[PDB]
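The lines below spell out each chain.
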Amino acid sequence: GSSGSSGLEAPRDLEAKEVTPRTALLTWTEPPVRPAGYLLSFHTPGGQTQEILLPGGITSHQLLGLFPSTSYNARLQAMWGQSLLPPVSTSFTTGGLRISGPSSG
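In the PDB header, solution NMR is given as the technique by which the entry was determined.

Right, here's the structure in full:
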């Protein structure tokens, strides 16, 4: 039979949280079968791409080296026995370098 799920599952509920012009946190729901590893790749709309080898065993990753008001496209792909389940691509925009009162009292 054609390539299907075969019981295996993929990550879901992947949404951008705590989005800032300095960093961006991405949370996702890990499957019932912890994958061998995680391959997060975030590229810019018009620039280059950067791959990151995750430790394999988390729900959210803290990205660094972002741009102010720059859209990014992250992807969550887990390594499975001679298989690469379909990852999830999500778009998120960062805020703007604008600080009014950093020292809250």
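On we go.
**Q** Tell me about the pattern of salt bridges, and name the residues and values.
**A** Counted by the stated rule, this structure contains one salt bridge. With its nearest N and O atoms 3.8 Å apart, the salt bridge here joins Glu 9 to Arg 12.

**Q** Would you mind going over the environment of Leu 84 in detail, with residue names and values included?
**A** Relative to the helices and strands, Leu 84 resides in the loop between β6 (71-79) and β7 (88-93). Judged by its relative accessible area of 57%, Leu 84 is exposed. In sequence terms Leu 84 and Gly 1 are 83 residues apart; their C-alpha atoms lie 17 Å from each other.

**Q** Give a description of the pairing of β6 that names residues and reports values.
**A** As paired strands, strand β3 (residues 37-43) and β6 are joined by five bridges and run antiparallel to one another. In the sheet register, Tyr 38 faces β6, and the bridge partner there is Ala 78. Relative to β7, β6 runs antiparallel, the two being bridged by six bridges. Paired with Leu 76 across the strands is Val 88, a residue of β7.

The rules behind each value
- Residues numbered from 1 in each chain as written, not as in the entry; some residues may be left out.
- Heavy atoms only, no water.
- Salt bridge = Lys/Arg side-chain N within 4 Å of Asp/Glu carboxyl O.
- Helix = DSSP H or I, 4+ residues; strand = E, 2+ residues; numbered from the N terminus.
- Buried < 20%, exposed > 50% of the residue type's maximum accessible area, 1.4 Å probe, protein only.
- Pairing = 2+ DSSP bridges.

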